[PDB]
Amino acid sequence: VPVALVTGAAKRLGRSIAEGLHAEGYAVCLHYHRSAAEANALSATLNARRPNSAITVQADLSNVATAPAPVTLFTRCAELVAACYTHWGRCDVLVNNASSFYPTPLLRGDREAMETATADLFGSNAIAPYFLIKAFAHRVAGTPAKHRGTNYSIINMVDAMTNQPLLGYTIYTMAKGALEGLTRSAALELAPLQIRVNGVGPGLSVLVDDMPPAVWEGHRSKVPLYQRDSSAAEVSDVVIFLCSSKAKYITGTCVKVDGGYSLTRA
Amino acid sequence: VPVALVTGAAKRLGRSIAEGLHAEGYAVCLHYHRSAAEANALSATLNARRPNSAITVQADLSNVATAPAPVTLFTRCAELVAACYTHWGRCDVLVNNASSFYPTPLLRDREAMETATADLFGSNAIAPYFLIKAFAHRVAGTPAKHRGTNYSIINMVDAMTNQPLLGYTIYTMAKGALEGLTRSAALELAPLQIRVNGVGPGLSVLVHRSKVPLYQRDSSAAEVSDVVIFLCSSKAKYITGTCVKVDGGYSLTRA
Amino acid sequence: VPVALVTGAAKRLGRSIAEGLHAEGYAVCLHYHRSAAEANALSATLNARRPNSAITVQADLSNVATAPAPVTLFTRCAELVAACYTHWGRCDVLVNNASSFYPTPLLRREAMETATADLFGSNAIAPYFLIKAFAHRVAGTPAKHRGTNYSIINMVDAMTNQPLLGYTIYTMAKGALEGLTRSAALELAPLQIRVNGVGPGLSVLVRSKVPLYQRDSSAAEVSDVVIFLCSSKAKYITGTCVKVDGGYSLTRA
Amino acid sequence: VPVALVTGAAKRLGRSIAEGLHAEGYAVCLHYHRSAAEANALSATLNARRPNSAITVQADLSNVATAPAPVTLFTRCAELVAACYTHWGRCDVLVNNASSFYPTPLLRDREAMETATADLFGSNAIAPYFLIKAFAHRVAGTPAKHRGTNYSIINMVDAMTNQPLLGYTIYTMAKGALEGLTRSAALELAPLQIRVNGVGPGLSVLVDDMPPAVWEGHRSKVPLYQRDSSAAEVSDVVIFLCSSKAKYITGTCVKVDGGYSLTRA
Ligand SMILES: NC(=O)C1=CN([C@@H]2O[C@H](COP(=O)(O)OP(=O)(O)OC[C@H]3O[C@@H](n4cnc5c(N)ncnc54)[C@H](OP(=O)(O)O)[C@@H]3O)[C@@H](O)[C@H]2O)C=CC1
Ligand SMILES: NC(=O)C1=CN([C@@H]2O[C@H](COP(=O)(O)OP(=O)(O)OC[C@H]3O[C@@H](n4cnc5c(N)ncnc54)[C@H](OP(=O)(O)O)[C@@H]3O)[C@@H](O)[C@H]2O)C=CC1
Ligand SMILES: NC(=O)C1=CN([C@@H]2O[C@H](COP(=O)(O)OP(=O)(O)OC[C@H]3O[C@@H](n4cnc5c(N)ncnc54)[C@H](OP(=O)(O)O)[C@@H]3O)[C@@H](O)[C@H]2O)C=CC1
Ligand SMILES: NC(=O)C1=CN([C@@H]2O[C@H](COP(=O)(O)OP(=O)(O)OC[C@H]3O[C@@H](n4cnc5c(N)ncnc54)[C@H](OP(=O)(O)O)[C@@H]3O)[C@@H](O)[C@H]2O)C=CC1
Ligand SMILES: C#CCN(Cc1ccc2[nH]c(N)nc(=O)c2c1)c1ccc(C(=O)N[C@@H](CCC(=O)O)C(=O)O)cc1
Ligand SMILES: C#CCN(Cc1ccc2[nH]c(N)nc(=O)c2c1)c1ccc(C(=O)N[C@@H](CCC(=O)O)C(=O)O)cc1
Ligand SMILES: C#CCN(Cc1ccc2[nH]c(N)nc(=O)c2c1)c1ccc(C(=O)N[C@@H](CCC(=O)O)C(=O)O)cc1
Ligand SMILES: C#CCN(Cc1ccc2[nH]c(N)nc(=O)c2c1)c1ccc(C(=O)N[C@@H](CCC(=O)O)C(=O)O)cc1
């Protein structure tokens with residue numbers, strides 16, 4: 001029985017990925033920051049379906065130190081991975097899904113806002129994933145060959161549309177670019193350990209409708225395939241496949257799940 | 001019971017892709033050019049496993065005219081797709097797998113230059129274009145209520161063409177053209193819900209490998225075909241116009 | 001005095017590139033297909049400004065045979081490059097600019113064969129043969145008598161990754177041209193022949209979408225980049241593309 | 001006389017870029033962190049060649065607060081740009097060249113890692129971001145009637161990051177982020193006519209702190225010339241992208257790698 005660690009697993013795409021992996025037989029460590037209620041509800045559902053098949057761990061993945069000597073992001077990430085080993089004695093899959101997403105305009109309080117966004121946006125999207133991957137790899141390396149799993153797989157949730165930047169989201173876009181870099185670098189360095197590292201990049205998935213219906217419909221209408229945003233499963237299914245043994249030759253690449261959105265022009 | 005058309009399905013990756021799809025329940029149209037024996041042997045196996053689940057069609061996919069007025073590549077491609085409709089009344093998946101691959105050095109005749117161009121460009125790019133056109137036309141001509149629910153076109157590309165193989169310019173160009181076809185076809189065919197994606201192996205079933213970061217070996221046919229099968233599945237119904245490299249990290253290397 | 005061969009040099013970008021190179025001191029071979037008048041007018045201007053600094057040569061770059069044994073595209077391409085050597089004894093720069101551009105819809109008949117040969121010929125196959133002919137001549141030239149700055153520019157397209165609805169063949173041909181750039185650069189490196197691409201977005205339209213200036217570009221705004229890539233200051237650049245699209249390729253629908 | 005701000009301008013490519021721009025008529029603000037001597041020697045040369053055509057500014061571009069309330073990286077970046085306006089009343093070109101480069105292996109303390117992250121990410125990505133922000137803020141605050149006619153930002157990226165260098169994850173990531181900054185900044189800053197492009201060297205003025213045969217093997221891998229590039233072979237491209245003849249280019253990268261990124265193992 002393999003174990004998967006999914007960050008930001010409480011709702012939306014994170015939950016779908018956790019459910020997807022759980023359906024495949026994985027025990028799942030559900031990470032969360034502020035959504036304790038949803039995360040615990042998910043753990044309860046999964047555990048009821050299969051005893052001892054889900055746990056939850058809380059952690060701010062922003063690049064800042066927390067209250068205990070202050071606790072660093074790295075430590076917090078190492079503990080995330082450790083929680084898996086302590087509870088199930090293993091960690092086969094890591095999905096870097098947690099991510100902050102808000103505007104950081106270059107054009108037009110301001111001090112803490114700019115410094116907090118950087119740590120938050122870059123922490124969740126890039127730096128935490130880096131430390132998490134490091135911790136994940138250190139545990140595999142420290143495991144005697146004969147006792148290692150046969151299918152280690154790390155999935156980085158990237159973004160199919162960052163090459164056509166979203167106006168006013170520079171830091172987020174930068175962090176995603178860094179995450180793409182982490183995928184390529186990690187794949188290469190971790191190859192000898194047979195740890196595959198790939199990226200999955202959604203375009204528009206379960207789009208939040210905090211706007212006039214016509215503006216919500218207009219956005220969806222842009223996606224060439226189906227003229228709609230995707231469902232959570234339409235993304236998570238791809239994540240699950242990349243984690244399957246049938247994908248054991250794939251590493252260091254990205255799979256876009258955008259219904260052709262990245263093919264469009266203004 | 002859906003139908004898949006697989007060009008160059010006689011051996012290696014093509015055969016694995018055909019077997020893969022067949023295992024999923026697809027009736028398979030096995031195209032071939034010169035490998036009649038192997039194609040028929042594959043058909044026999046597949047048919048024995050499941051009656052009327054496989055057929056074979058021969059066709060030179062090079063960009064030239066053949067003997068019947070002369071028959072053009074387009075016609076030959078249209079007849080390929082037609083064979084599916086004539087036999088099973090449908091064609092849900094098209095896998096552009098057939099491909100010539102040999103050197104066309106820029107640095108050191110006339111006949112072998114024009115034959116290579118038509119051959120390398122035909123199989124890798126032009127035939128796939130015509131095949132996609134024929135495929136789309138048949139779907140468009142089908143009344144909505146009678147259409148399939150999962151049309152998928154897979155273009156077998158190359159994960160290493162951005163790091164060209166010395167001396168293989170035409171092939172490399174043809175592959176680039178196939179990449180363009182993937183993006184263009186995906187966009188144009190979206191309204192008809194026909195997804196178009198690419199699968200790019202790096203080193204698969206080499207008849208060099210120590211340079212592959214993952215496993216330090218070329219891949220097996222299944223390691224590639226499984227990806228093709230997944231992209232054809234309904235679980236991949238939101239993926240279109242993209243490429244999936246199956247290279248074990250080879251495209252990440254430098255000299 | 002170096003020589004530059006510019007295909008489709010009669011008007012628009014081709015003409016601007018030819019003028020740009022000529023301004024840098026290049027003798028220019030202006031290729032054309034149907035635009036004889038404009039090409040000859042340009043030659044006259046350039047020749048008046050500097051005697052024996054321009055010539056014009058006609059050639060269909062479509063992948064078809066033409067009547068003088070039928071003449072193939074390769075031969076026609078080889079003669080294009082040869083014309084330069086015959087007249088000036090050299091060919092330092094080749095700019096693959098000539099290009100057909102029209103719809104080949106997949107949804108709603110030899111016109112498919114004429115389009116294929118035309119769109120693929122001008123955009124990809126002719127460039128391939130031209131590069132081949134160009135490289136041969138350099139290789140056949142004794143080291144001591146070779147130029148010091150061989151440069152091949154392939155006019156590509158900054159927007160083909162975001163295909164233009166209904167232009168599949170053209171888009172494919174451009175993808176092949178991109179492939180030719182990378183392959184040619186690698187193979188021709190030992191001969192010090194640099195091969196790069198320049199990809200305009202919207203230039204000299206026959207708009208409000210272009211993030212930069214909200215307008216298509218002028219011909220000079222593209223050709224200047226072609227000229228720089230041909231200069232000695234760019235001697236370490238090869239196998240890459242420079243987009244000249246004012247940020248258009250950064251947009252979404 | 002237009003002004004160019006060049007980070008890490010003391011030596012190597014930074015110096016070449018500064019010299020290049022200076023040769024084009026630009027007054028140059030030479031930024032440096034540790035190389036005061038080299039930077040001041042360069043300022044002297046440029047100033048002798050043309051009075052009041054160069055100044056130096058020191059600043060740690062790592063993502064850490066410094067001693068004067070502690071001073072943040074943003075403030076330090078804002079002061080860098082300000083120094084240009086205070087001295088010459090303008091800032092037309094910004095070249096994000098400063099960059100840390102060392103291994104951060106994934107496979108086998110507290111200070112070295114936290115310090116590496118802030119350093120590698122600060123110089124390569126975050127400082128560039130703040131610098132661009134500050135640069136854009138001052139242009140926006142300038143009345144259209146007093147604005148320059150050729151604002152240009154160049155981000156020094158890396159032509160080989162897509163084929164990562166074993167053991168350099170953070171650096172590679174930071175470069176990826178810099179690439180994202182280029183695309184995002186180009187789009188957002190288009191209305192102000194501020195072009196943003198990248199220049200990515202492959203192997204330039206390769207350090208020879210190794211056995212000659214090893215150093216030669218490394219260069220031999222580059223398809224064109226079989227050698228690393230000179231500083232000018234890179235800087236000349238930066239200067240071209242900053243010229244008015246490149247006014248339609250924005251949001252793109254120009255590889256200066258002699259075909260290195262075309263190779264396989
Ligand atoms: N949905 C879409 O259209 C697209 C999504 N993506 C990518 O897919 C992934 C998932 O998408 P989606 O479901 O929309 O993501 P969400 O926006 O819904 O956020 C996912 C989770 O990330 C967690 N998170 C955010 N910041 C932090 C942080 N500072 N520390 C720890 N956890 C944090 C949150 O957990 P909690 O609630 O517990 O606080 C949140 O639930 C993301 O990485 C995203 O970048 C890419 C393109 C498009
Ligand atoms: N194998 C690898 O390491 C790599 C493969 N690829 C791509 O994957 C795909 C399959 O690879 P692989 O199995 O090795 O392919 P093969 O080289 O084994 O050839 C596949 C088939 O293509 C057919 N074919 C060749 N030329 C023509 C033509 N003129 N007209 C009609 N059919 C033709 C042949 O059919 P027949 O024998 O019946 O005549 C052949 O069996 C190809 O598209 C290839 O480009 C990409 C990268 C690497
Ligand atoms: N303009 C733009 O917005 C864009 C242009 N580009 C590329 O830049 C390059 C130049 O652009 P532009 O000036 O608009 O090009 P044009 O469309 O104006 O065509 C250039 C020339 O190509 C020649 N040509 C066309 N077909 C053939 C053929 N079958 N055989 C020989 N010559 C042929 C024509 O020569 P003649 O008139 O003598 O017959 C024509 O003058 C092209 O490669 C184009 O693809 C890319 C993106 C955008
Ligand atoms: N040279 C090459 O082969 C390649 C270079 N590049 C890129 O090109 C650019 C220039 O290359 P190169 O000349 O080799 O760069 P260098 O490695 O020589 O360093 C450039 C300068 O960056 C400054 N710097 C480093 N860290 C900081 C920091 N923490 N805060 C402030 N300044 C800092 C240093 O200034 P000081 O000495 O004053 O402390 C140094 O002089 C870099 O961005 C590099 O990433 C990309 C690929 C290859
Ligand atoms: C907002 C949002 C979420 N999204 C998707 C999106 C992307 C990344 C994410 N990342 C994370 N962590 N969480 C998310 O919820 C998330 C959501 C959108 C992105 C782009 C467009 C879009 O293309 N709109 C037009 C805007 C037109 C205009 O303003 O001129 C465009 O073409 O840019 C719409 C929605
Ligand atoms: C030959 C062959 C089969 N192959 C695989 C290959 C690729 C595409 C195909 N395409 C098709 N249609 N059929 C094939 O059988 C096929 C096989 C190889 C490809 C690359 C290297 C390689 O990387 N060589 C060296 C140097 C490459 C270079 O010249 O730059 C290296 O990098 O290690 C070796 C073998
Ligand atoms: C037509 C034409 C010429 N052109 C420019 C163009 C491009 C390549 C060429 N290539 C050649 N050889 N000759 C040309 O004259 C030429 C001209 C255009 C290209 C794109 C759009 C455009 O982006 N239109 C839509 C998007 C279309 C889509 O989404 O598919 C938009 O909304 O902006 C408009 C005009
Ligand atoms: C180191 C370094 C600096 N560099 C160049 C480089 C890149 C970015 C920089 N960035 C910054 N800021 N400063 C620099 O001095 C700098 C230097 C190199 C990069 C790649 C290889 C290389 O091709 N390595 C081969 C090794 C081959 C082998 O030994 O088997 C490889 O496969 O990766 C060598 C040197």
# chains A, B, ... in the order shown; residues from 1 in each chain; ligands from 1
>>> residues_near_ligand(ligand="ligand 1", cutoff="6 Å", atoms="only C-alpha atoms and all ligand atoms", output="short mmCIF file (atom, residue, chain, number, x, y, z; two decimals) with N, CA, C and O atoms, in the first residue's frame")
data_model
loop_
_atom_site.label_atom_id
_atom_site.label_comp_id
_atom_site.auth_asym_id
_atom_site.auth_seq_id
_atom_site.Cartn_x
_atom_site.Cartn_y
_atom_site.Cartn_z
N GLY A 8 -2.19 21.23 -0.12
CA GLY A 8 -3.42 21.94 -0.45
C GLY A 8 -4.48 20.97 -0.95
O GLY A 8 -5.12 21.21 -1.97
N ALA A 10 -7.35 20.03 0.60
CA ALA A 10 -8.68 20.21 1.19
C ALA A 10 -9.81 20.38 0.18
O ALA A 10 -10.86 19.76 0.33
N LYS A 11 -9.63 21.24 -0.82
CA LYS A 11 -10.69 21.48 -1.80
C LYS A 11 -10.22 21.53 -3.25
O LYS A 11 -9.06 21.30 -3.55
N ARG A 12 -11.18 21.79 -4.14
CA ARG A 12 -10.93 21.92 -5.57
C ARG A 12 -10.02 20.86 -6.17
O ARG A 12 -10.25 19.67 -5.97
N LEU A 13 -9.00 21.29 -6.92
CA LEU A 13 -8.10 20.35 -7.61
C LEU A 13 -7.32 19.43 -6.65
O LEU A 13 -7.14 18.24 -6.93
N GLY A 14 -6.87 19.98 -5.52
CA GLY A 14 -6.15 19.22 -4.52
C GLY A 14 -6.95 18.03 -4.02
O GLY A 14 -6.44 16.91 -3.93
N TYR A 32 -2.95 20.92 4.38
CA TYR A 32 -3.82 22.08 4.37
C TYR A 32 -3.21 23.20 5.19
O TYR A 32 -2.32 22.96 6.02
N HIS A 33 -3.66 24.43 4.94
CA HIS A 33 -3.19 25.59 5.69
C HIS A 33 -4.34 26.18 6.51
O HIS A 33 -4.34 26.07 7.74
N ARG A 34 -5.34 26.72 5.84
CA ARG A 34 -6.47 27.36 6.53
C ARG A 34 -7.78 26.55 6.50
O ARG A 34 -8.69 26.82 7.27
N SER A 35 -7.86 25.56 5.61
CA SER A 35 -9.07 24.77 5.45
C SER A 35 -9.11 23.48 6.28
O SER A 35 -9.28 22.39 5.74
N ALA A 59 0.13 23.23 7.64
CA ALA A 59 1.41 23.90 7.46
C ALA A 59 1.33 25.08 6.52
O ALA A 59 0.77 24.98 5.42
N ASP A 60 1.85 26.22 6.98
CA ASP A 60 1.97 27.39 6.14
C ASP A 60 3.20 27.17 5.27
O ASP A 60 4.30 26.96 5.77
N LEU A 61 2.99 27.15 3.95
CA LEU A 61 4.07 26.91 3.00
C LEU A 61 4.66 28.21 2.47
O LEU A 61 5.44 28.22 1.53
N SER A 62 4.31 29.32 3.11
CA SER A 62 4.90 30.59 2.74
C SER A 62 6.36 30.59 3.21
O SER A 62 6.71 29.94 4.20
N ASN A 97 0.66 20.72 -5.04
CA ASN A 97 -0.56 21.37 -5.52
C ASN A 97 -0.88 22.71 -4.85
O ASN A 97 -1.47 23.59 -5.47
N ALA A 98 -0.55 22.84 -3.57
CA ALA A 98 -0.82 24.07 -2.83
C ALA A 98 -0.26 25.28 -3.58
O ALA A 98 0.87 25.22 -4.10
N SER A 99 -1.03 26.37 -3.61
CA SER A 99 -0.61 27.56 -4.35
C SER A 99 -1.46 28.80 -4.06
O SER A 99 -2.68 28.74 -4.11
N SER A 100 -0.79 29.92 -3.79
CA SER A 100 -1.48 31.20 -3.61
C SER A 100 -1.59 31.83 -4.98
O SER A 100 -0.71 31.67 -5.82
N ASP A 120 4.73 34.53 0.37
CA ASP A 120 3.56 33.67 0.19
C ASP A 120 3.49 33.07 -1.21
O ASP A 120 3.39 31.85 -1.36
N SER A 124 4.66 29.00 -1.54
CA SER A 124 3.71 27.97 -1.89
C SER A 124 3.96 27.37 -3.27
O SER A 124 3.92 26.15 -3.44
N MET A 157 2.09 20.84 -9.87
CA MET A 157 0.98 21.52 -10.51
C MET A 157 1.46 22.88 -11.02
O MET A 157 1.74 23.79 -10.23
N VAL A 158 1.65 22.98 -12.33
CA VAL A 158 2.08 24.21 -12.95
C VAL A 158 0.90 24.93 -13.59
O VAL A 158 -0.23 24.78 -13.14
N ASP A 159 1.15 25.72 -14.63
CA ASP A 159 0.09 26.52 -15.25
C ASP A 159 0.27 26.57 -16.75
O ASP A 159 1.27 27.09 -17.24
N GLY A 201 -0.20 21.12 -16.01
CA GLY A 201 -0.62 22.50 -16.06
C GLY A 201 -2.02 22.71 -16.57
O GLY A 201 -2.28 22.60 -17.76
N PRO A 202 -2.96 22.97 -15.65
CA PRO A 202 -4.33 23.31 -16.02
C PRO A 202 -4.37 24.69 -16.66
O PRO A 202 -3.37 25.44 -16.59
N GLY A 203 -5.46 24.99 -17.35
CA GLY A 203 -5.66 26.30 -17.93
C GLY A 203 -6.72 26.97 -17.09
O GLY A 203 -6.42 27.72 -16.16
N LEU A 204 -7.98 26.64 -17.38
CA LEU A 204 -9.10 27.12 -16.58
C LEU A 204 -9.82 25.91 -16.00
O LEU A 204 -10.39 25.11 -16.74
N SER A 205 -9.72 25.72 -14.69
CA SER A 205 -10.38 24.60 -14.02
C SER A 205 -11.24 25.11 -12.88
O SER A 205 -10.79 25.91 -12.06
N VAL A 206 -12.50 24.65 -12.84
CA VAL A 206 -13.47 25.09 -11.84
C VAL A 206 -13.30 26.58 -11.52
O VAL A 206 -12.91 26.97 -10.42
N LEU A 207 -13.60 27.41 -12.52
CA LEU A 207 -13.43 28.86 -12.43
C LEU A 207 -14.37 29.54 -11.43
O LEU A 207 -15.59 29.43 -11.55
#
>>> interface_residues(of="chain B", to="chain C", cutoff="6 Å", atoms="only C-alpha atoms", output="list in words")
residues 106, 133, 164, 169, 172, 173, 174, 176, 177, 180, 181 and 184 of chain B
>>> interface_residues(of="chain D", to="chain A", cutoff="10 Å", atoms="only C-alpha atoms", output="VMD selection string")
chain D and resid 63 72 to 75 105 to 108 110 113 to 114 117 121 125 to 126 129 to 130 132 to 137 140 161 to 189 251
>>> closest_residue(among="C:194, C:12, C:252, C:34", to="chain A", atoms="only C-alpha atoms")
C:252
>>> residues_around(residues="residue 248 in chain C", least_positions_apart="6", cutoff="10 Å", atoms="only C-alpha atoms", output="ChimeraX atom specification")
/A:164,265-266 /C:158-159,200-202,207,209-212,214,216 /D:187,250-251
>>> residues_around(residues="range 228-235 of chain B", least_positions_apart="4", cutoff="9 Å", atoms="only C-alpha atoms", output="PyMOL selection string")
(chain A and resi 233-235+237-238+241) or (chain B and resi 17+20-21+24+93+95+149-154+156+195+197-199+224+239)
>>> atom_distance(atom1="CA of residue 208 in chain C", atom2="CA of residue 190 in chain B")
26.2 Å
>>> residues_near_ligand(ligand="ligand 3", cutoff="6 Å", atoms="only C-alpha atoms and all ligand atoms", output="number ranges by chain")
C: 8, 10-14, 32-35, 59-62, 97-100, 118, 122, 155-157, 199-204
>>> select_by_dssp(residues="range 8-158 of chain D", states="strand (DSSP E or B)", output="ChimeraX atom specification")
/D:27-32,54-58,66,71,93-96,104,151-156
>>> write_last_selection(atoms="N, CA, C and O atoms", output="CSV table (one decimal), in the first residue's frame")
chain,number,residue,atom,x,y,z
D,27,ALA,N,24.9,57.5,-20.2
D,27,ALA,CA,25.6,57.7,-19.0
D,27,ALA,C,25.2,56.4,-18.2
D,27,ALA,O,24.1,55.9,-18.4
D,28,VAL,N,26.1,55.9,-17.5
D,28,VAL,CA,25.9,54.6,-16.9
D,28,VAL,C,26.0,54.5,-15.3
D,28,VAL,O,27.1,54.9,-14.8
D,29,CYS,N,25.0,54.0,-14.7
D,29,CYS,CA,25.0,53.8,-13.3
D,29,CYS,C,25.5,52.3,-13.0
D,29,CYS,O,24.8,51.4,-13.3
D,30,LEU,N,26.8,52.2,-12.5
D,30,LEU,CA,27.4,50.9,-12.3
D,30,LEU,C,27.1,50.4,-10.9
D,30,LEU,O,27.6,50.9,-9.9
D,31,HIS,N,26.3,49.3,-10.8
D,31,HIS,CA,25.9,48.7,-9.6
D,31,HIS,C,26.9,47.6,-9.2
D,31,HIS,O,27.4,46.9,-10.1
D,32,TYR,N,27.2,47.4,-7.9
D,32,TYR,CA,28.1,46.4,-7.5
D,32,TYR,C,27.8,46.0,-6.1
D,32,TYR,O,27.1,46.7,-5.3
D,54,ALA,N,29.4,58.3,-15.6
D,54,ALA,CA,29.4,57.1,-14.8
D,54,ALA,C,29.4,57.3,-13.3
D,54,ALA,O,30.0,58.3,-12.9
D,55,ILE,N,28.7,56.5,-12.6
D,55,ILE,CA,28.7,56.5,-11.1
D,55,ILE,C,28.6,55.1,-10.6
D,55,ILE,O,28.3,54.2,-11.4
D,56,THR,N,28.9,54.9,-9.3
D,56,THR,CA,28.7,53.6,-8.7
D,56,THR,C,27.8,53.6,-7.6
D,56,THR,O,27.7,54.5,-6.8
D,57,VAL,N,27.0,52.5,-7.4
D,57,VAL,CA,26.1,52.3,-6.3
D,57,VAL,C,26.3,50.9,-5.8
D,57,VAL,O,26.4,49.9,-6.6
D,58,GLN,N,26.4,50.7,-4.5
D,58,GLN,CA,26.6,49.4,-3.9
D,58,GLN,C,25.3,48.9,-3.3
D,58,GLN,O,24.5,49.7,-2.8
D,66,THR,N,18.7,44.5,5.4
D,66,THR,CA,20.0,45.0,5.8
D,66,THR,C,19.9,46.0,6.9
D,66,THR,O,18.9,46.6,7.1
D,71,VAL,N,16.6,47.7,6.6
D,71,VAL,CA,16.3,48.1,5.2
D,71,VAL,C,16.0,46.8,4.3
D,71,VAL,O,16.8,45.9,4.3
D,93,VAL,N,17.3,52.9,-19.4
D,93,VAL,CA,17.6,51.5,-19.5
D,93,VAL,C,18.0,50.8,-18.2
D,93,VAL,O,18.8,51.3,-17.5
D,94,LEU,N,17.4,49.6,-18.0
D,94,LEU,CA,17.7,48.8,-16.8
D,94,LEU,C,18.2,47.4,-17.3
D,94,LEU,O,17.5,46.8,-18.1
D,95,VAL,N,19.4,47.0,-16.9
D,95,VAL,CA,19.9,45.7,-17.2
D,95,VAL,C,20.1,44.9,-16.0
D,95,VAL,O,21.0,45.1,-15.1
D,96,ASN,N,19.3,43.9,-15.8
D,96,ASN,CA,19.3,43.0,-14.7
D,96,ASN,C,20.3,41.9,-15.0
D,96,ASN,O,20.0,40.8,-15.5
D,104,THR,N,23.2,23.9,-5.4
D,104,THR,CA,22.3,23.7,-4.3
D,104,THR,C,21.7,22.2,-4.6
D,104,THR,O,20.6,22.1,-5.1
D,151,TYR,N,12.6,53.5,-23.6
D,151,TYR,CA,12.8,52.8,-22.4
D,151,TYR,C,13.0,51.3,-22.7
D,151,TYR,O,12.2,50.7,-23.4
D,152,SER,N,14.0,50.7,-22.1
D,152,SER,CA,14.3,49.3,-22.4
D,152,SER,C,14.9,48.6,-21.2
D,152,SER,O,15.8,49.0,-20.6
D,153,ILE,N,14.3,47.4,-20.8
D,153,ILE,CA,14.8,46.6,-19.8
D,153,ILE,C,15.3,45.3,-20.3
D,153,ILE,O,14.6,44.6,-21.1
D,154,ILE,N,16.5,44.9,-19.9
D,154,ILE,CA,17.1,43.6,-20.4
D,154,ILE,C,17.4,42.7,-19.2
D,154,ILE,O,18.1,43.1,-18.3
D,155,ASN,N,16.8,41.5,-19.3
D,155,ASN,CA,17.0,40.5,-18.2
D,155,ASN,C,18.0,39.5,-18.7
D,155,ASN,O,17.8,38.9,-19.7
D,156,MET,N,19.1,39.4,-18.0
D,156,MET,CA,20.1,38.4,-18.4
D,156,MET,C,19.7,37.1,-17.9
D,156,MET,O,19.7,36.8,-16.7
>>> residues_near_ligand(ligand="ligand 4", cutoff="8 Å", atoms="only C-alpha atoms and all ligand atoms", output="PyMOL selection string")
chain D and resi 7-15+31-36+38-39+58-62+96-101+119-120+122-124+155-160+175+199-206+228-229+231
>>> residues_near_ligand(ligand="ligand 6", cutoff="6 Å", atoms="only C-alpha atoms and all ligand atoms", output="PyMOL selection string")
(chain B and resi 99-101+164-166+203+208) or (chain D and resi 264-265)
>>> closest_residue(among="B:120, B:178, B:206, B:212", to="chain D", atoms="only C-alpha atoms")
B:212
>>> closest_residue(among="B:191, B:213, B:200, B:241", to="chain D", atoms="only C-alpha atoms")
B:213
>>> interface_residues(of="chain C", to="chain D", cutoff="10 Å", atoms="only C-alpha atoms", output="PyMOL selection string")
chain C and resi 182-183+185-196+200+210-218+220-225+228-229+232-251
>>> residues_around(residues="range 144-149 of chain D", least_positions_apart="4", cutoff="8 Å", atoms="only C-alpha atoms", output="list in words")
residues 2, 92 and 139 of chain D
>>> decode(residues="range 153-158 of chain D", atoms="N, CA and C atoms", output="JSON list (two decimals), in the first residue's frame")
[["chain", "number", "residue", "atom", "x", "y", "z"],
["D", 153, "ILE", "N", 14.26, 47.42, -20.85],
["D", 153, "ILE", "CA", 14.77, 46.60, -19.76],
["D", 153, "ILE", "C", 15.28, 45.26, -20.30],
["D", 154, "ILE", "N", 16.51, 44.91, -19.94],
["D", 154, "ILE", "CA", 17.08, 43.64, -20.39],
["D", 154, "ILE", "C", 17.35, 42.73, -19.22],
["D", 155, "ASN", "N", 16.77, 41.54, -19.26],
["D", 155, "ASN", "CA", 16.99, 40.55, -18.22],
["D", 155, "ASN", "C", 18.00, 39.52, -18.71],
["D", 156, "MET", "N", 19.14, 39.44, -18.03],
["D", 156, "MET", "CA", 20.13, 38.44, -18.39],
["D", 156, "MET", "C", 19.68, 37.08, -17.92],
["D", 157, "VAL", "N", 19.22, 36.26, -18.85],
["D", 157, "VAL", "CA", 18.75, 34.91, -18.51],
["D", 157, "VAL", "C", 19.81, 33.87, -18.83],
["D", 158, "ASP", "N", 19.38, 32.65, -19.11],
["D", 158, "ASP", "CA", 20.34, 31.56, -19.37],
["D", 158, "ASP", "C", 19.82, 30.65, -20.46]]
